[PDB]
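Data from coords.txt: compact mmCIF, N, CA and C atoms
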```txt
# COMPACT_ATOMS: atom_id res chain seq x y z
N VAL R 1 -23.28 11.47 -9.82
CA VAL R 1 -23.16 10.41 -8.82
C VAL R 1 -23.90 9.17 -9.29
N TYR R 2 -25.06 9.35 -9.93
CA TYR R 2 -25.84 8.22 -10.41
C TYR R 2 -25.20 7.52 -11.59
N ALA R 3 -24.32 8.19 -12.33
CA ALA R 3 -23.63 7.56 -13.46
C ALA R 3 -22.22 8.18 -13.51
N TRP R 4 -21.27 7.50 -12.87
CA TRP R 4 -19.92 8.00 -12.76
C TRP R 4 -19.02 7.33 -13.81
N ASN R 5 -17.82 7.88 -13.98
CA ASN R 5 -16.85 7.38 -14.94
C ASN R 5 -15.67 6.78 -14.18
N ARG R 6 -15.06 5.76 -14.79
CA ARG R 6 -13.94 5.05 -14.17
C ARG R 6 -12.81 4.98 -15.19
N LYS R 7 -11.87 5.92 -15.08
CA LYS R 7 -10.73 5.96 -15.98
C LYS R 7 -9.70 4.90 -15.61
N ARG R 8 -9.26 4.15 -16.61
CA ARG R 8 -8.25 3.11 -16.44
C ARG R 8 -6.88 3.74 -16.62
N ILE R 9 -6.22 4.05 -15.50
CA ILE R 9 -4.89 4.64 -15.54
C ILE R 9 -3.85 3.55 -15.33
N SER R 10 -2.94 3.42 -16.29
CA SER R 10 -1.89 2.41 -16.23
C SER R 10 -0.75 2.84 -17.13
N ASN R 11 0.43 2.25 -16.90
CA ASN R 11 1.63 2.56 -17.67
C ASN R 11 1.94 4.05 -17.65
N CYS R 12 2.17 4.60 -16.46
CA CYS R 12 2.47 6.02 -16.34
C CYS R 12 3.51 6.27 -15.25
N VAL R 13 3.90 7.53 -15.08
CA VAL R 13 4.77 7.93 -13.98
C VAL R 13 3.94 8.78 -13.02
N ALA R 14 3.40 8.15 -11.99
CA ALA R 14 2.46 8.81 -11.08
C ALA R 14 3.22 9.76 -10.16
N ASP R 15 3.21 11.05 -10.50
CA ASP R 15 3.80 12.08 -9.66
C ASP R 15 2.67 12.82 -8.96
N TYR R 16 2.46 12.50 -7.69
CA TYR R 16 1.35 13.04 -6.92
C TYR R 16 1.67 14.42 -6.35
N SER R 17 2.73 15.05 -6.86
CA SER R 17 3.12 16.36 -6.35
C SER R 17 2.22 17.47 -6.89
N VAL R 18 1.55 17.21 -8.02
CA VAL R 18 0.73 18.23 -8.67
C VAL R 18 -0.71 18.11 -8.19
N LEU R 19 -0.97 17.17 -7.28
CA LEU R 19 -2.34 16.89 -6.85
C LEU R 19 -2.76 17.75 -5.66
N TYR R 20 -1.93 17.80 -4.62
CA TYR R 20 -2.32 18.50 -3.39
C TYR R 20 -2.43 20.00 -3.62
N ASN R 21 -1.72 20.53 -4.61
CA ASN R 21 -1.84 21.94 -4.96
C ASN R 21 -3.11 22.17 -5.78
N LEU R 22 -4.26 22.13 -5.12
CA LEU R 22 -5.56 22.22 -5.78
C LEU R 22 -6.30 23.46 -5.29
N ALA R 23 -7.56 23.57 -5.71
CA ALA R 23 -8.40 24.69 -5.32
C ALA R 23 -8.56 24.74 -3.80
N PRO R 24 -8.87 25.93 -3.25
CA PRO R 24 -9.04 26.05 -1.80
C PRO R 24 -10.09 25.12 -1.23
N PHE R 25 -10.01 24.87 0.08
CA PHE R 25 -10.88 23.92 0.78
C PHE R 25 -10.78 22.54 0.14
N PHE R 26 -9.59 21.95 0.17
CA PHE R 26 -9.38 20.62 -0.38
C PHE R 26 -8.95 19.70 0.75
N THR R 27 -9.20 18.41 0.56
CA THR R 27 -8.85 17.39 1.55
C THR R 27 -8.20 16.21 0.84
N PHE R 28 -7.05 15.79 1.34
CA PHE R 28 -6.33 14.64 0.81
C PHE R 28 -6.45 13.41 1.70
N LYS R 29 -7.62 13.18 2.30
CA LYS R 29 -7.84 12.04 3.18
C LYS R 29 -7.59 10.73 2.46
N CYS R 30 -6.84 9.83 3.10
CA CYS R 30 -6.50 8.53 2.53
C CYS R 30 -6.92 7.44 3.52
N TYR R 31 -7.66 6.45 3.03
CA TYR R 31 -8.13 5.34 3.87
C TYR R 31 -7.28 4.10 3.61
N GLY R 32 -6.16 4.02 4.32
CA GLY R 32 -5.28 2.88 4.23
C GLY R 32 -3.84 3.25 3.91
N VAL R 33 -3.66 4.27 3.07
CA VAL R 33 -2.34 4.77 2.73
C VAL R 33 -2.16 6.14 3.36
N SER R 34 -0.95 6.70 3.26
CA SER R 34 -0.67 8.04 3.74
C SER R 34 -0.33 8.93 2.55
N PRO R 35 -0.82 10.17 2.52
CA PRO R 35 -0.58 11.03 1.35
C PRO R 35 0.87 11.46 1.21
N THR R 36 1.64 11.38 2.29
CA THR R 36 3.03 11.80 2.27
C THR R 36 3.97 10.72 1.73
N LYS R 37 3.59 9.45 1.86
CA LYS R 37 4.44 8.35 1.45
C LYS R 37 4.13 7.84 0.05
N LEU R 38 3.25 8.52 -0.69
CA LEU R 38 2.90 8.09 -2.05
C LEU R 38 3.91 8.54 -3.09
N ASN R 39 5.20 8.28 -2.87
CA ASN R 39 6.20 8.61 -3.87
C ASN R 39 7.29 7.55 -4.00
N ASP R 40 7.23 6.45 -3.25
CA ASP R 40 8.24 5.40 -3.31
C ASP R 40 7.59 4.02 -3.26
N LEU R 41 6.38 3.90 -3.81
CA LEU R 41 5.63 2.64 -3.79
C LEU R 41 5.09 2.39 -5.19
N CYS R 42 5.50 1.28 -5.80
CA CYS R 42 5.06 0.94 -7.15
C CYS R 42 3.62 0.44 -7.14
N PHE R 43 2.69 1.26 -7.63
CA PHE R 43 1.29 0.87 -7.73
C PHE R 43 1.06 0.03 -8.98
N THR R 44 0.18 -0.96 -8.85
CA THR R 44 -0.12 -1.85 -9.97
C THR R 44 -1.17 -1.24 -10.89
N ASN R 45 -2.37 -0.99 -10.36
CA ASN R 45 -3.46 -0.40 -11.12
C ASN R 45 -4.15 0.65 -10.26
N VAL R 46 -4.37 1.83 -10.84
CA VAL R 46 -5.05 2.93 -10.16
C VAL R 46 -6.31 3.27 -10.94
N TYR R 47 -7.43 3.39 -10.23
CA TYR R 47 -8.72 3.71 -10.83
C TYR R 47 -9.23 5.02 -10.27
N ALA R 48 -9.59 5.94 -11.16
CA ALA R 48 -10.07 7.26 -10.78
C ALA R 48 -11.54 7.41 -11.15
N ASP R 49 -12.34 7.87 -10.19
CA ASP R 49 -13.75 8.12 -10.40
C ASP R 49 -14.04 9.61 -10.26
N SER R 50 -15.15 10.05 -10.85
CA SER R 50 -15.51 11.46 -10.85
C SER R 50 -17.00 11.62 -10.61
N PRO J 1 -26.47 29.79 -6.05
CA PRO J 1 -25.27 30.63 -5.90
C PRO J 1 -25.22 31.30 -4.53
N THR J 2 -26.34 31.28 -3.81
CA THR J 2 -26.39 31.85 -2.47
C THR J 2 -26.54 30.82 -1.36
N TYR J 3 -26.28 29.54 -1.61
CA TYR J 3 -26.37 28.53 -0.56
C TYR J 3 -25.29 28.73 0.49
N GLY J 4 -25.47 28.09 1.64
CA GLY J 4 -24.46 28.17 2.68
C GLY J 4 -23.20 27.44 2.27
N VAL J 5 -22.11 27.73 2.98
CA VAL J 5 -20.80 27.14 2.69
C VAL J 5 -20.89 25.62 2.82
N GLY J 6 -21.64 25.15 3.81
CA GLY J 6 -21.80 23.72 4.03
C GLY J 6 -22.54 23.02 2.92
N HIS J 7 -23.36 23.76 2.17
CA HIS J 7 -24.17 23.19 1.10
C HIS J 7 -23.73 23.63 -0.29
N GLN J 8 -22.56 24.25 -0.41
CA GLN J 8 -22.03 24.67 -1.70
C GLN J 8 -21.68 23.45 -2.54
N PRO J 9 -21.68 23.56 -3.88
CA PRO J 9 -21.33 22.41 -4.72
C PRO J 9 -19.87 21.99 -4.56
N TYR J 10 -19.65 20.71 -4.30
CA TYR J 10 -18.32 20.13 -4.20
C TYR J 10 -18.12 19.11 -5.31
N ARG J 11 -16.85 18.77 -5.56
CA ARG J 11 -16.51 17.73 -6.51
C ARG J 11 -15.50 16.80 -5.86
N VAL J 12 -15.72 15.49 -6.03
CA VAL J 12 -14.92 14.47 -5.36
C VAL J 12 -14.37 13.51 -6.40
N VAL J 13 -13.06 13.25 -6.31
CA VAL J 13 -12.39 12.25 -7.13
C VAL J 13 -11.69 11.28 -6.19
N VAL J 14 -11.95 9.98 -6.37
CA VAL J 14 -11.39 8.94 -5.52
C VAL J 14 -10.46 8.08 -6.37
N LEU J 15 -9.35 7.65 -5.78
CA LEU J 15 -8.37 6.80 -6.45
C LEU J 15 -8.28 5.48 -5.70
N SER J 16 -8.46 4.38 -6.42
CA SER J 16 -8.42 3.04 -5.85
C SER J 16 -7.20 2.31 -6.41
N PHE J 17 -6.29 1.91 -5.52
CA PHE J 17 -5.07 1.24 -5.94
C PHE J 17 -5.21 -0.27 -5.81
N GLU J 18 -4.22 -0.99 -6.36
CA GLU J 18 -4.17 -2.44 -6.37
C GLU J 18 -2.77 -2.88 -5.93
N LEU J 19 -2.35 -2.39 -4.77
CA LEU J 19 -0.98 -2.60 -4.28
C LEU J 19 -0.84 -4.06 -3.83
N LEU J 20 -0.57 -4.92 -4.80
CA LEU J 20 -0.33 -6.34 -4.53
C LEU J 20 0.78 -6.89 -5.42
N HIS J 21 0.89 -8.22 -5.48
CA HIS J 21 2.01 -8.86 -6.17
C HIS J 21 1.96 -8.78 -7.69
N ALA J 22 0.90 -8.24 -8.29
CA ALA J 22 0.84 -8.17 -9.74
C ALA J 22 1.87 -7.18 -10.28
N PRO J 23 2.29 -7.34 -11.55
CA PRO J 23 3.28 -6.41 -12.12
C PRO J 23 2.84 -4.96 -12.07
N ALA J 24 3.69 -4.16 -11.43
CA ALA J 24 3.37 -2.77 -11.24
C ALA J 24 3.51 -1.98 -12.49
N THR J 25 2.70 -0.93 -12.62
CA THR J 25 2.72 -0.17 -13.84
C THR J 25 2.79 1.30 -13.56
N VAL J 26 2.14 1.76 -12.50
CA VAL J 26 2.11 3.19 -12.27
C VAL J 26 3.03 3.54 -11.14
N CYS J 27 4.27 3.07 -11.22
CA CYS J 27 5.22 3.32 -10.14
C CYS J 27 5.67 4.74 -10.17
N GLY J 28 5.79 5.36 -9.00
CA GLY J 28 6.15 6.75 -8.93
C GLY J 28 7.53 7.06 -9.42
N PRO J 29 7.97 8.29 -9.19
CA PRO J 29 9.26 8.61 -9.77
C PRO J 29 10.36 8.48 -8.78
N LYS J 30 11.28 7.54 -8.96
CA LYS J 30 12.39 7.50 -8.02
C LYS J 30 13.61 6.70 -8.40
N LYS J 31 14.45 7.23 -9.27
CA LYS J 31 15.74 6.60 -9.57
C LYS J 31 15.78 5.15 -9.89
N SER J 32 17.00 4.64 -9.94
CA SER J 32 17.17 3.25 -10.29
C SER J 32 18.61 2.90 -10.15
N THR J 33 19.06 2.76 -8.92
CA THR J 33 20.44 2.45 -8.70
C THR J 33 20.77 1.22 -9.46
N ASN J 34 22.03 1.09 -9.82
CA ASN J 34 22.46 -0.08 -10.55
C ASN J 34 22.29 -1.31 -9.70
N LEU J 35 22.44 -2.46 -10.32
CA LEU J 35 22.32 -3.67 -9.57
C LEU J 35 23.65 -4.06 -9.04
N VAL J 36 23.67 -5.02 -8.14
CA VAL J 36 24.89 -5.51 -7.50
C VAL J 36 24.72 -7.00 -7.24
N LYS J 37 25.81 -7.75 -7.36
CA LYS J 37 25.77 -9.20 -7.15
C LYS J 37 25.72 -9.52 -5.66
N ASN J 38 26.02 -10.76 -5.30
CA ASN J 38 25.91 -11.22 -3.92
C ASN J 38 26.69 -10.33 -2.96
N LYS J 39 25.96 -9.64 -2.08
CA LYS J 39 26.55 -8.71 -1.12
C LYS J 39 25.49 -8.27 -0.11
N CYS J 40 25.91 -8.01 1.13
CA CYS J 40 24.98 -7.56 2.16
C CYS J 40 24.58 -6.11 1.90
N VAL J 41 23.49 -5.93 1.16
CA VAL J 41 23.05 -4.60 0.75
C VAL J 41 21.53 -4.48 0.89
N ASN J 42 21.03 -3.25 0.81
CA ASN J 42 19.59 -3.00 0.86
C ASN J 42 19.04 -2.98 -0.56
N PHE J 43 17.88 -3.60 -0.76
CA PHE J 43 17.24 -3.66 -2.07
C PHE J 43 15.85 -3.03 -2.01
N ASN J 44 15.41 -2.53 -3.17
CA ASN J 44 14.09 -1.96 -3.37
C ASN J 44 13.58 -2.45 -4.72
N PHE J 45 12.88 -3.58 -4.71
CA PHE J 45 12.35 -4.19 -5.93
C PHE J 45 10.84 -3.95 -6.01
N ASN J 46 10.48 -2.83 -6.65
CA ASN J 46 9.09 -2.46 -6.89
C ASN J 46 8.29 -2.37 -5.60
N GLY J 47 8.89 -1.80 -4.56
CA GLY J 47 8.21 -1.66 -3.29
C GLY J 47 8.71 -2.61 -2.23
N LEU J 48 9.14 -3.80 -2.65
CA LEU J 48 9.65 -4.81 -1.73
C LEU J 48 10.99 -4.36 -1.16
N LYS J 49 11.00 -3.91 0.08
CA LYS J 49 12.20 -3.43 0.74
C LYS J 49 12.65 -4.40 1.83
N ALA K 1 7.94 -48.98 16.54
CA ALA K 1 8.63 -49.43 17.75
C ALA K 1 9.30 -48.25 18.46
N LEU K 2 10.11 -47.49 17.72
CA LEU K 2 10.73 -46.28 18.26
C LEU K 2 9.82 -45.08 18.01
N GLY K 3 8.59 -45.14 18.52
CA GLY K 3 7.62 -44.10 18.26
C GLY K 3 7.61 -43.02 19.32
N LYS K 4 7.90 -43.39 20.57
CA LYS K 4 7.96 -42.39 21.64
C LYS K 4 9.23 -41.55 21.55
N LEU K 5 10.22 -42.01 20.80
CA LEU K 5 11.39 -41.19 20.49
C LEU K 5 11.16 -40.29 19.28
N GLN K 6 10.18 -40.61 18.44
CA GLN K 6 9.78 -39.75 17.34
C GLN K 6 8.68 -38.77 17.71
N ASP K 7 7.86 -39.09 18.71
CA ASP K 7 6.82 -38.16 19.14
C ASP K 7 7.43 -36.90 19.74
N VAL K 8 8.54 -37.04 20.47
CA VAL K 8 9.21 -35.87 21.04
C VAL K 8 9.89 -35.06 19.94
N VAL K 9 10.26 -35.72 18.84
CA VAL K 9 10.84 -35.01 17.71
C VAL K 9 9.75 -34.34 16.88
N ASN K 10 8.63 -35.03 16.67
CA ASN K 10 7.54 -34.47 15.89
C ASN K 10 6.88 -33.30 16.63
N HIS K 11 6.82 -33.38 17.96
CA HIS K 11 6.26 -32.27 18.73
C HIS K 11 7.12 -31.02 18.61
N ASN K 12 8.44 -31.19 18.58
CA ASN K 12 9.33 -30.06 18.38
C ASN K 12 9.40 -29.63 16.93
N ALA K 13 9.20 -30.56 15.99
CA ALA K 13 9.11 -30.23 14.57
C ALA K 13 7.74 -29.67 14.20
N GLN K 14 6.82 -29.60 15.16
CA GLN K 14 5.51 -29.00 14.95
C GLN K 14 5.38 -27.63 15.60
N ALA K 15 5.94 -27.45 16.80
CA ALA K 15 5.90 -26.15 17.45
C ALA K 15 6.78 -25.14 16.73
N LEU K 16 7.89 -25.61 16.15
CA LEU K 16 8.75 -24.76 15.34
C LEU K 16 8.16 -24.44 13.98
N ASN K 17 7.29 -25.30 13.46
CA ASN K 17 6.56 -25.02 12.23
C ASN K 17 5.27 -24.25 12.45
N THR K 18 4.59 -24.44 13.58
CA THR K 18 3.43 -23.63 13.91
C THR K 18 3.80 -22.22 14.34
N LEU K 19 5.09 -21.95 14.57
CA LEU K 19 5.57 -20.63 14.96
C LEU K 19 6.04 -19.80 13.78
N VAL K 20 6.46 -20.42 12.68
CA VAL K 20 6.90 -19.70 11.50
C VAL K 20 5.70 -19.39 10.62
N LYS K 21 4.57 -20.05 10.89
CA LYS K 21 3.34 -19.82 10.14
C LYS K 21 2.50 -18.71 10.75
N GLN K 22 2.93 -18.12 11.86
CA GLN K 22 2.23 -17.00 12.48
C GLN K 22 2.87 -15.67 12.11
N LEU K 23 3.95 -15.70 11.33
CA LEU K 23 4.60 -14.49 10.83
C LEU K 23 3.93 -13.99 9.55
N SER K 24 2.93 -14.73 9.06
CA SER K 24 2.22 -14.33 7.85
C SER K 24 0.73 -14.17 8.11
N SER K 25 0.34 -13.98 9.37
CA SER K 25 -1.07 -13.82 9.75
C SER K 25 -1.21 -12.48 10.46
N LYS K 26 -1.78 -11.50 9.76
CA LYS K 26 -2.01 -10.20 10.36
C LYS K 26 -3.03 -10.30 11.49
N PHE K 27 -2.84 -9.48 12.52
CA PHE K 27 -3.72 -9.48 13.68
C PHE K 27 -4.55 -8.20 13.77
N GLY K 28 -4.80 -7.55 12.65
CA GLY K 28 -5.59 -6.34 12.64
C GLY K 28 -4.94 -5.20 11.87
N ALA K 29 -3.85 -5.51 11.18
CA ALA K 29 -3.13 -4.53 10.38
C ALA K 29 -3.47 -4.72 8.90
N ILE K 30 -2.86 -3.87 8.06
CA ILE K 30 -3.13 -3.93 6.63
C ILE K 30 -2.44 -5.11 5.97
N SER K 31 -1.35 -5.61 6.55
CA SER K 31 -0.63 -6.75 6.01
C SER K 31 0.23 -7.34 7.12
N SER K 32 0.91 -8.44 6.80
CA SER K 32 1.80 -9.11 7.74
C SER K 32 3.27 -8.82 7.49
N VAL K 33 3.58 -8.04 6.46
CA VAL K 33 4.96 -7.69 6.13
C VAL K 33 5.25 -6.34 6.78
N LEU K 34 6.28 -6.31 7.64
CA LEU K 34 6.60 -5.09 8.36
C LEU K 34 7.22 -4.04 7.44
N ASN K 35 7.76 -4.46 6.30
CA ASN K 35 8.35 -3.55 5.33
C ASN K 35 7.31 -2.83 4.48
N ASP K 36 6.04 -3.23 4.57
CA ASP K 36 4.97 -2.58 3.84
C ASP K 36 4.13 -1.62 4.69
N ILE K 37 4.12 -1.78 6.02
CA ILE K 37 3.41 -0.84 6.88
C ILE K 37 4.11 0.50 6.98
N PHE K 38 5.43 0.54 6.77
CA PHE K 38 6.19 1.78 6.82
C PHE K 38 6.37 2.43 5.46
N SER K 39 5.92 1.79 4.38
CA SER K 39 6.08 2.31 3.03
C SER K 39 4.77 2.86 2.48
N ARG K 40 3.70 2.80 3.28
CA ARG K 40 2.40 3.29 2.83
C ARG K 40 1.75 4.17 3.89
N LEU K 41 2.28 4.14 5.11
CA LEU K 41 1.71 4.88 6.22
C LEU K 41 2.78 5.70 6.91
N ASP K 42 2.43 6.95 7.20
CA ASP K 42 3.34 7.86 7.85
C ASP K 42 3.58 7.42 9.24
N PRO K 43 4.46 8.12 9.93
CA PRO K 43 4.71 7.58 11.25
C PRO K 43 3.87 7.88 12.47
N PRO K 44 2.54 7.91 12.37
CA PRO K 44 1.78 7.97 13.60
C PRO K 44 0.64 7.01 13.50
N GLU K 45 0.36 6.46 12.32
CA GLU K 45 -0.68 5.44 12.18
C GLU K 45 0.03 4.14 12.14
N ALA K 46 1.30 4.20 11.80
CA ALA K 46 2.09 3.02 11.79
C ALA K 46 2.19 2.54 13.20
N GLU K 47 2.60 3.40 14.12
CA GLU K 47 2.79 2.93 15.48
C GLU K 47 1.53 2.25 16.01
N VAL K 48 0.38 2.58 15.43
CA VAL K 48 -0.88 1.98 15.85
C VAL K 48 -1.05 0.58 15.26
N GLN K 49 -0.59 0.38 14.03
CA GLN K 49 -0.75 -0.91 13.37
C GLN K 49 0.45 -1.83 13.55
```

What's the structure tokens form of this structure?
Amino acid sequence: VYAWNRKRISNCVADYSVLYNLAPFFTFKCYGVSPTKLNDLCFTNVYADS
Amino acid sequence: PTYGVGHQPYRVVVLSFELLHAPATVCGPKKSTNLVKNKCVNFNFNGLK
Amino acid sequence: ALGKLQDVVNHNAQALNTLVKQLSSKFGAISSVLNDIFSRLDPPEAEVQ
């Protein structure tokens, strides 16, 4: 948490179908978007932190 | 290894998008109907519906 | 000279222009385009925004 990584994801085919099928006790909470509608919207830049 | 469920180790990954007018790059997967000239039709240009 | 005949025209050319400029001002939603609130939000948070 004190030193996180920020992967620059760009120029890809974002298929979020492989995401929700994760380990037990998972949450797909979205602040602003809906997790169900993330398949017909062209995203410009996506940043992933860990 | 014996902590409570509420205090067990978790891992969090957050995704921050930039859904604005800039050229899109990580557009999801969804066809590409051919184009059509002047006609009363529905369009989907990179999200703009 | 013909200014009171232009004031009634300018007043109508202003209320019609001050009304088309309120279609791009969100009042508490994520954007002012109605085609973007239904493409990012499912149908129960949409009805709220």

Where does chain J meet chain K within 7 Å, residue by residue, with the nearest atom pair and distance in Å to one decimal for each, counting only N, CA and C atoms, listed by chain and rising number, as a Markdown table?
```
| residue | atom | partner | partner_atom | distance |
| --- | --- | --- | --- | --- |
| J:47 | C | K:35 | C | 6.9 |
| J:48 | C | K:35 | C | 6.9 |
| J:49 | C | K:35 | CA | 5.6 |
```

Practice item. Find the residues in chain R near chain K: any atom within 6 Å counts, using all atoms listed in the file. Write them as a list in words. Key: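 Within 6 Å of chain K on chain R, we get residues 32, 33, 34 and 37 of chain R.
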
Taking all atoms listed in the file into account, which residues of chain J are within 8 Å of chain R, as an mmCIF file with N, CA and C atoms, in the frame of the given file?
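Wrote it out as out.cif, contents follow:
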```
data_model
loop_
_atom_site.group_PDB
_atom_site.id
_atom_site.type_symbol
_atom_site.label_atom_id
_atom_site.label_comp_id
_atom_site.auth_asym_id
_atom_site.auth_seq_id
_atom_site.Cartn_x
_atom_site.Cartn_y
_atom_site.Cartn_z
ATOM 1 N N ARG J 11 -16.850 18.770 -5.560
ATOM 2 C CA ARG J 11 -16.510 17.730 -6.510
ATOM 3 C C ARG J 11 -15.500 16.800 -5.860
ATOM 4 N N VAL J 12 -15.720 15.490 -6.030
ATOM 5 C CA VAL J 12 -14.920 14.470 -5.360
ATOM 6 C C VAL J 12 -14.370 13.510 -6.400
ATOM 7 N N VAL J 13 -13.060 13.250 -6.310
ATOM 8 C CA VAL J 13 -12.390 12.250 -7.130
ATOM 9 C C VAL J 13 -11.690 11.280 -6.190
ATOM 10 N N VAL J 14 -11.950 9.980 -6.370
ATOM 11 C CA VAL J 14 -11.390 8.940 -5.520
ATOM 12 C C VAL J 14 -10.460 8.080 -6.370
ATOM 13 N N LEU J 15 -9.350 7.650 -5.780
ATOM 14 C CA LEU J 15 -8.370 6.800 -6.450
ATOM 15 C C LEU J 15 -8.280 5.480 -5.700
ATOM 16 N N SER J 16 -8.460 4.380 -6.420
ATOM 17 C CA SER J 16 -8.420 3.040 -5.850
ATOM 18 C C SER J 16 -7.200 2.310 -6.410
ATOM 19 N N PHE J 17 -6.290 1.910 -5.520
ATOM 20 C CA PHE J 17 -5.070 1.240 -5.940
ATOM 21 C C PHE J 17 -5.210 -0.270 -5.810
ATOM 22 N N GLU J 18 -4.220 -0.990 -6.360
ATOM 23 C CA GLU J 18 -4.170 -2.440 -6.370
ATOM 24 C C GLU J 18 -2.770 -2.880 -5.930
ATOM 25 N N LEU J 19 -2.350 -2.390 -4.770
ATOM 26 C CA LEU J 19 -0.980 -2.600 -4.280
ATOM 27 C C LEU J 19 -0.840 -4.060 -3.830
ATOM 28 N N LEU J 20 -0.570 -4.920 -4.800
ATOM 29 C CA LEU J 20 -0.330 -6.340 -4.530
ATOM 30 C C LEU J 20 0.780 -6.890 -5.420
ATOM 31 N N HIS J 21 0.890 -8.220 -5.480
ATOM 32 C CA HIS J 21 2.010 -8.860 -6.170
ATOM 33 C C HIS J 21 1.960 -8.780 -7.690
ATOM 34 N N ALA J 22 0.900 -8.240 -8.290
ATOM 35 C CA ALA J 22 0.840 -8.170 -9.740
ATOM 36 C C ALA J 22 1.870 -7.180 -10.280
ATOM 37 N N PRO J 23 2.290 -7.340 -11.550
ATOM 38 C CA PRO J 23 3.280 -6.410 -12.120
ATOM 39 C C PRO J 23 2.840 -4.960 -12.070
ATOM 40 N N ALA J 24 3.690 -4.160 -11.430
ATOM 41 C CA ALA J 24 3.370 -2.770 -11.240
ATOM 42 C C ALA J 24 3.510 -1.980 -12.490
ATOM 43 N N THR J 25 2.700 -0.930 -12.620
ATOM 44 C CA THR J 25 2.720 -0.170 -13.840
ATOM 45 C C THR J 25 2.790 1.300 -13.560
ATOM 46 N N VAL J 26 2.140 1.760 -12.500
ATOM 47 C CA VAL J 26 2.110 3.190 -12.270
ATOM 48 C C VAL J 26 3.030 3.540 -11.140
ATOM 49 N N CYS J 27 4.270 3.070 -11.220
ATOM 50 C CA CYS J 27 5.220 3.320 -10.140
ATOM 51 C C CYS J 27 5.670 4.740 -10.170
ATOM 52 N N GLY J 28 5.790 5.360 -9.000
ATOM 53 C CA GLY J 28 6.150 6.750 -8.930
ATOM 54 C C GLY J 28 7.530 7.060 -9.420
ATOM 55 N N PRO J 29 7.970 8.290 -9.190
ATOM 56 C CA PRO J 29 9.260 8.610 -9.770
ATOM 57 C C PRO J 29 10.360 8.480 -8.780
ATOM 58 N N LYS J 30 11.280 7.540 -8.960
ATOM 59 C CA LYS J 30 12.390 7.500 -8.020
ATOM 60 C C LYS J 30 13.610 6.700 -8.400
ATOM 61 N N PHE J 45 12.880 -3.580 -4.710
ATOM 62 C CA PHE J 45 12.350 -4.190 -5.930
ATOM 63 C C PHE J 45 10.840 -3.950 -6.010
ATOM 64 N N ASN J 46 10.480 -2.830 -6.650
ATOM 65 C CA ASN J 46 9.090 -2.460 -6.890
ATOM 66 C C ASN J 46 8.290 -2.370 -5.600
ATOM 67 N N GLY J 47 8.890 -1.800 -4.560
ATOM 68 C CA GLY J 47 8.210 -1.660 -3.290
ATOM 69 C C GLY J 47 8.710 -2.610 -2.230
ATOM 70 N N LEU J 48 9.140 -3.800 -2.650
ATOM 71 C CA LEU J 48 9.650 -4.810 -1.730
ATOM 72 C C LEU J 48 10.990 -4.360 -1.160
#
```

Review point. Which residues in chain J does DSSP call strand (DSSP E or B)? List them as a PyMOL selection string.
Key: chain J and resi 14-16+26-27+45+48

Check your understanding: What is the distance, in Å and to one decimal place, between CA of residue 36 in chain R and CA of residue 24 in chain R?
Key ->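 Calculated distance between CA of residue 36 in chain R and CA of residue 24 in chain R is 19.1 Å.
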
Review point. CA of residue 27 in chain K and CA of residue 49 in chain K are how many Å apart?
Key: 9.1 Å

Point to revise | Close residues, residue 33 in chain J itself excluded, 12 Å, only C-alpha atoms, min 5 positions apart in chain, as a PyMOL selection string | key: chain J and resi 42-45

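We find CA of residue 22 in chain K and CA of residue 9 in chain K to be spaced 20.6 Å apart.
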
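The residues of chain K that DSSP classifies as alpha helix (DSSP H), using the backbone of this structure, are residues 4, 5, 6, 7, 8, 9, 10, 11, 12, 13, 14, 15, 17, 18, 19, 20, 34, 35, 36 and 37 of chain K.
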